[PDB]
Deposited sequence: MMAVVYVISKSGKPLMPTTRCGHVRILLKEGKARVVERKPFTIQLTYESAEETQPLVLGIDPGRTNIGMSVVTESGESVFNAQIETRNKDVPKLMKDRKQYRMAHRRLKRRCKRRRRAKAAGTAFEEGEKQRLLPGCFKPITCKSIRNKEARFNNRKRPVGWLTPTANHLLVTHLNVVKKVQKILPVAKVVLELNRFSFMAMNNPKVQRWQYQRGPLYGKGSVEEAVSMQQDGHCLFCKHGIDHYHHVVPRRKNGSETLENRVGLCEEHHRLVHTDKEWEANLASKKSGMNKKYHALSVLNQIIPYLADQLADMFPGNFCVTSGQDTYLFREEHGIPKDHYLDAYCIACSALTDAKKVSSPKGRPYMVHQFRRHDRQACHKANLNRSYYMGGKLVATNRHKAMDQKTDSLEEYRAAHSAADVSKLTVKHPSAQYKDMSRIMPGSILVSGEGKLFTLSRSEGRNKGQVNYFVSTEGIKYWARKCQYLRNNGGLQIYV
């Protein structure tokens, strides 16, 4: 019911409600459909670029961010819910730290120790206890000294944030810019909540500081208590996606046309821009089979292994059973590092356009199925690639 308009110069204009005029404009070539959702058209002719003030209200969250644009009278012209991938970041970073430590131990430290043992350049006692500065307890260095441990004097800029905190802050800032692309936002209101979630608390001062440099003299702050009062006074239904509506309407001095937005908000999903991991599966389990049935997982138990190993099998079975055993160790699997990534736009073999949620299956170097953001699976060989992932996607 609301169409977004962009001028010929590319400057956002006010939304229209005259859908018949939009259809006529597109029919005669005076406009082009820039985006499917939200439906946006760019004018081809030249006209006045005159816009009334619009207020943007941000309900901030780690997982769900609400955004609502209202007019000076309180009419709502845009509501969006953004689902972020912030929770993924700490686990990916922890996995990366573990992989880096494994790289630096298996490929560097152990090889150096092997070379020292082979060359006779090792400790006479074989191991040494080193007490390093800043430590009260020693470390054990086997056959050679440790590589220098650097933890005494490491500095960061004032205001340093973790990759997770930076991700949340940059996501909050990026959704505002994407909204500014379609709408002429004049004022921004941010909800500030009293202390009672750690990353959000870390970024709120930074978000407020950088939201005031983007809107000089047009940045406002509201409280979660004011949202409750607004909901009680104006009767807005209790729903999270409506909270941003109560935030933007907090900036309006004389509210006359105030009503809860009717319809469903736009839903935005976040997809990672890079996947730098080459390996898919490091199959490190040496499985033993007795007549097609698995009986042991390794020669001895690995760390935190509940399943029996070959040691238990040998202890509980004869020599003729161990002598008749088959070994399966699947090779490591690797991803296609130049694959079609989630968030991409494709058209199926029947003309259906969809956003890629994931790729399932593979045969003869080809993806089997493309699963979209609605759950439907499409034959990937009869699908055509249209657009790459752009980070934030309407679905």
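The deposited chain is incompletely modelled, with C-alpha atoms absent over 1 to 2, 199 to 296, 496.
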